[PDB]
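First comes the structure, then the notes that go with it.
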């Protein structure tokens, strides 16, 4: 009934194409490595032998490649075919990269929206997958019926770079959590195995994730006033001292140490952890 | 019907004493600052005018002070009264501090268990509060009926320092999460307020907390094999580059950058984030 053309059959691109094929769409695929990776022929995908063929296979083009440089290189010989196309670029990169690509594609007669896929491959099509989108609003509005088979859609405005800013923000959250998981699992390894420890760590991270809601309210009010910075810096020293005694690196908690120091210096020792928001500028 | 004696009426100690008084226990309290902080007289607590009186008020002594040095200083003039007492020390510190205090109190005829309170004051008495305990098992077994009015009880063995090791591990987890929350809320501040952003951040941290269960299974199996380290280091560079362009510090993610580098060098570029566990030793 309707069509789509996908660029990239890594793990994420393979999941987007599978899902369009389950939902009975006509699907063209461009595969970097057809010699070793599946082109999903069995499920009904049609192989795009060149980038030009991939652009001519549909007016709706979904790009999922390793980086924004690989986007420019893959399409360099096909800019003349972009007139009247809608481009959805889900390739990971920076807001600046997305503003420059948007400008280039619009100059060739195309409309552009960028996306951040907030999901693993296996989550694609489940109610837990989310994609953030920004750029051409007419383009998003006409494509949303198709894009909603992958994931919940969140459009957050006309700047082609807003979506990548939110994506990188959420990933810097994830890397903090993973830093915590690693420091914690290492410190305790000598006494309890990782899987048994998860019985204590997972509920505690759920309780402290709930506590961050409270901290966000403090940041928007500008409150901060009431355990405080002063008592928490002695808490951090204990973790460091215990870390060295287990022969475990403390590098992961050193940045938070530095920010808590800079804040007591400017007289914040009686305020909460929310107060650090002005010191990370 | 039964009794208890508490040392410390900071925010946490006040919550332990309140809770014992609601549950109809006879409660003695030692207060560092009776001139400015409540001694809970209204709810029926009795003020211990000296540390000796506090030790003689009950055979069950619960200590909740700022640090393990303040424990030694507060009780220095009362070591002769410890014979046949059960000491529960919930004061934050290192495993070594807890082994040394245990040895000292046992030499004076007392039994010793250390605790880590995994809770805010307001959580005390709720089904979400947890306390970790370690040291004298006869002492824990006789006290548990009383200690269970505060929180779930988890005893994890005879070493007086095991409880503090687990406590500091869980707090290093929390500080990773908070590092993530701060890096994320700052990066996006220019475009969306902290409270609105929580609509995206909280579900994403729940999804990635679930993903750590998978990583713990990989660490205990020694697996690691399958997005990999190589692609994630370019992901981290984007966050750094985007961070500098928003005038936001990237210090929080630099330690994870260093550990991911050391691991590709020893040929781990195709393995998962679980693989970093051997590099934090």
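Every residue, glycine among them, receives a Cβ derived from its backbone with ideal geometry; neighbour counts consider all protein chains shown. A short reminder: the numbers here are calculations on the coordinates, not readings from a lab.
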Next item on the list: For residue B:251, place a label point 7 Å out from Cα along the Cα→Cβ vector, do the same in each other copy, and report the separations in nm, one decimal, smallest first.
Entry: 1.6
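Compute the whole-percent fraction of alpha carbon pairs in segment A:1-89 spaced more than 14 Å apart. Show your work: numbers first, answer last.
On the way: 2352 of 3916 pairs.
Considering segment A:1-89, 60 percent of its Cα-Cα pairs are separated by more than 14 Å.
Averaging over all projection directions, find the projected area of the Cα convex hull of segment A:213-281 and quote it in nm² with one decimal place.
Details: hull surface 20.2 nm².
For segment A:213-281, the mean projected area of the Cα convex hull comes to 5.1 nm².
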Next item on the list: Measure off 7 Å from each Cα along the Cα-to-Cβ vector at residue B:22 and residue A:43, then give the distance between these two points in nanometres to one decimal.
Entry: 5.3 nm
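So what is the calculated 222 nm ellipticity per residue for chain B, using -39500 (n - 2.57) for each DSSP H run with n of 4 or more, over all residues, to the nearest 500 deg cm²/dmol? Write out the running numbers ahead of the final one.
Numbers: 9 runs with 134 residues, N = 281.
It lands at -15500 deg cm²/dmol.
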Next item on the list: Can you tell me the FRET efficiency between residue B:106 and residue A:230 if r is taken as the Cβ-Cβ distance and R0 is 30 Å, rounded to the nearest 0.05?
Entry: 0.40
Check: Between residue B:206 and the same site in the other copies, what are the distances in nm, shortest first, taking label points 7 Å from Cα along the C-beta direction?
Finding: 1.0
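How high is the relative contact order of segment A:1-157, given as a whole-number percent (alpha carbon pairs under 8 Å, six or more residues apart)? Let's see the in-between values first.
Values: 303 pairs, mean separation 29.9, N = 157.
Reported as a whole number, the value is 19 percent.
Using only atoms on other chains, find how many Cβ atoms lie within 10 Å of each Cβ of peptide A:230-243 and report the average.
Partner Cβ neighbours, averaged per residue: 5.
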Notebook entry, point to check: If each residue's Cβ is checked for other Cβ atoms within 10 Å, how do B:215, B:1 rank with the fewest at the top?
Noted result: B:1, B:215
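Take the alpha carbon atoms of segment A:140-183, find their radius of gyration, then divide it by 2.2 N^0.38 Å using N residues; give the quotient. The partial results should precede the final answer.
Working: Rg = 14.6 Å, N = 44, 2.2 N^0.38 = 9.3 Å.
Relative to the 2.2 N^0.38 Å estimate, segment A:140-183 comes out at 1.57.
In which sequence would B:208, A:231 go, from the one with the fewest C-beta neighbours within 10 Å to the one with the most?
Working: B:208 22, A:231 14.
Ascending Cβ contact count within 10 Å gives the list A:231, B:208.
Can you say what percent of the DSSP beta bridges in the protein assembly as shown, counting only those with both residues inside, are antiparallel? Round to 5.
Numbers: 14 of 58 bridges.
DSSP beta bridges in the protein assembly as shown are roughly 25 percent antiparallel.
How would you rank B:138, A:241, going from fewest to most other Cβ atoms within 10 Å of each one's own Cβ? Could the numbers behind the result be given before it?
On the way: B:138 10, A:241 16.
So the ranking, lowest neighbour count to highest, is B:138, A:241.
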Notebook entry, point to check: Taking the Cβ-Cβ separation of residue A:3 and residue B:199 as r and a Förster radius of 35 Å, what is the calculated FRET efficiency to the nearest 0.05?
Noted result: 0.55
Next item on the list: State the volume of the convex hull built on the alpha-carbon positions of segment B:73-218, expressed per residue in Å³ and rounded to an integer.
Entry: 162 Å³
Notebook entry, point to check: In Å, what Rg and Dmax follow from the Cα atoms of segment B:130-205?
Noted result: 19.0, 58
Note to self: Give me the one-decimal nm value for the distance between modelled label points at residue B:50 and residue A:258, 7 Å along each residue's Cα-to-Cβ direction.
What the structure shows: 5.1 nm
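Return the Rg/Rh value of chain B, two decimal places, where both radii are evaluated on C-alpha atoms and Rh is the Kirkwood radius. The partial results should precede the final answer.
Working: Rg = 23.4 Å, Rh = 21.8 Å.
When Rh is taken as the Kirkwood radius, the ratio is 1.07.
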Check: Hey, could you pull the Cα Rg and Dmax for segment A:158-281, both in Å?
Finding: 16.5, 53
Note to self: Going by Cα centres, segment A:152-206 and segment B:71-144 are how many Å apart?
What the structure shows: 33 Å
Note to self: Based on C-alpha coordinates, I'd like the Rg and Dmax of segment A:1-157, in Å.
What the structure shows: 14.2, 40
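So if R0 is 22 Å, what FRET efficiency would residue B:266 and residue B:210 give, r being the distance between their Cβ atoms, rounded to the nearest 0.05?
Given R0 = 22 Å and the Cβ-Cβ separation, E is 0.15.
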Notebook entry, point to check: Given label points at 7 Å from Cα along Cα→Cβ, what nm distances, shortest first, separate residue B:221 from the same residue in every other copy?
Noted result: 4.6
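Would you mind computing the Rg to Rh ratio of segment A:94-160 from its alpha-carbon coordinates, Kirkwood style for Rh? Walk me through the numbers before you get to the answer.
Values: Rg = 12.5 Å, Rh = 12.5 Å.
Radius of gyration relative to Kirkwood radius: 1.00.
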Item checked: Coordinate range along principal axes, alpha carbons of the protein assembly as shown, Å, largest first -> 91, 47, 38
